[PDB]
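Here is the structure we will look at, set down as structure tokens.
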Amino acid sequence: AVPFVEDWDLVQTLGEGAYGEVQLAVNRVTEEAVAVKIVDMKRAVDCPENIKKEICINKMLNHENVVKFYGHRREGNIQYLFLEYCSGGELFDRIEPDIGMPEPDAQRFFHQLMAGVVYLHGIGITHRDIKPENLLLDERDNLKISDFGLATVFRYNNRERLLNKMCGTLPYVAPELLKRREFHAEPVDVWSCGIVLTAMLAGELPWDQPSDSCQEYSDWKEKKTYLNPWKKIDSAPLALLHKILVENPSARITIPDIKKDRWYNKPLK
Ligand SMILES: COc1cc(OC)c(NC(=O)Nc2cnc(C#N)cn2)cc1Cl
Numbered sequence: 002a003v004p005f006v007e008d009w010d011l012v013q014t015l016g017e018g019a020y021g022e023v024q025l026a027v028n029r030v031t032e033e034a035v036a037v038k039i040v041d042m043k044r045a046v047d048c049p050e051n052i053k054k055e056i057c058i059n060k061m062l063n064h065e066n067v068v069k070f071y072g073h074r075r076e077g078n079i080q081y082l083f084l085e086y087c088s089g090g091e092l093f094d095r096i097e098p099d100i101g102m103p104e105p106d107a108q109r110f111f112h113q114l115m116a117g118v119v120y121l122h123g124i125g126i127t128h129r130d131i132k133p134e135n136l137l138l139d140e141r142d143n144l145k146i147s148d149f150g151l152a153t154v155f156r157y158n159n160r161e162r163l164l165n166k167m168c169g170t171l172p173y174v175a176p177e178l179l180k181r182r183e184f185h186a187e188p189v190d191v192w193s194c195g196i197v198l199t200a201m202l203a204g205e206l207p208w209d210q211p212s213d214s215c216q217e218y219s220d221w222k223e224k225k226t227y228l229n230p231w232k233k234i235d236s237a238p239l240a241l242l243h244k245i246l247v248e249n250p251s252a253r254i255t256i257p258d259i260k261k262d263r264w265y266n267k268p269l270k
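Residues 2 to 270 (PDB author numbering) are what the sequence shown spells out, left to right.
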């Protein structure tokens, strides 16, 4: 057995939020870099469960558009997760405030986000918190869906399970999660992918939350795409946004038909 191979040094402190601390671990022998999430199962009614589900799902995921899972280590209260390293940073960190990015790049990113979500969904799992700070990028600039701390399975043994736990991020959360007691997991994830498309194409967020009480959300229902936040979006990708940001979750577009979308399949643009 090659000596010293199980010794990753925590070079940098990648993240530092509500979760715990994410360090950039580099192997002592190989130098393989990796991201290490240090989750803290404290007290007696918090992470002891918060992390088991995140770790249980990660042990299923296997798509090149999803952050690869290596392993984990339960040391007393400190739980270390071995996940993929994305030197690309956050997609979020590639959106020019109030501007966006070149329309071609959005399209690419949107394809890979669709890729992973199709995959995730395939294996009955919903992320529930799709947003630019969760869409990581690597060396070749490929999109990776990360952080499955709120992901849950919505299909098991071929039975869909409606949801009712309100979790995610206000601006990105779909409308039905704030107006309906129960809802289908998948359409909530497409809606968020849609909120990302607009962010990627306008460098700004449509509204604070998908509720009548919110100025812009209402004008979007008025179809006031004039000189308002969507005035920065081209009619092609705007036509698609009209289909995703549909309120009735049952009338929304579905990942399959998004692939059949014009802009989605228009070259370079
Ligand atoms: C400073 O830019 C960065 C910020 C990051 O977020 C913590 C990362 N993180 C990653 O490489 N990957 C990951 C993968 N999974 C999680 C979870 N849960 C967090 N970070 C990398 C860079 Cl390069």
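Idealized CB from N, CA, C, for every residue including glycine.
Can you find a heavy atom of ligand 1 that lies under 7 Å from the Cβ of residue i?
i	result
residue 232	no
residue 10	no
residue 54	no
residue 168	no
residue 148	yes
residue 68	yes
residue 215	no
residue 27	no
residue 219	no
residue 132	no
residue 57	no
Given a cut-off of 8 Å on the beta-carbon distance, is the pair residue i and residue j in contact?
i	j	result
residue 188	residue 253	yes
residue 100	residue 204	yes
residue 87	residue 121	no
residue 8	residue 29	yes
residue 41	residue 27	no
residue 234	residue 269	no
residue 68	residue 84	yes
residue 248	residue 225	no
residue 255	residue 190	no
residue 169	residue 144	no
residue 242	residue 198	yes
residue 264	residue 238	yes
residue 36	residue 23	yes
residue 102	residue 95	yes
residue 192	residue 259	no
residue 184	residue 250	yes
residue 33	residue 89	no
Name the one or two DSSP bridge partners that residue i has.
i	result
residue 76	79
residue 259	BP columns for residue 259 are empty, so no partner.
residue 28	9
residue 41	79
residue 337	With the chain represented from 2 up to 270, any question about residue 337 goes unanswered, as that position is not in the structure.
residue 145	137
Decide if residue i is buried, meaning its Cβ has at least 16 other Cβ atoms within 10 Å, or exposed.
i	result
residue 165	exposed
residue 135	buried
residue 213	exposed
residue 167	exposed
residue 6	exposed
residue 4	exposed
residue 157	exposed
residue 43	exposed
residue 25	buried
residue 228	exposed
residue 125	buried
Legend entry - Meets three-Cβ-pair contact criterion under 8 Å: the region 51-60 and the region 98-118: no
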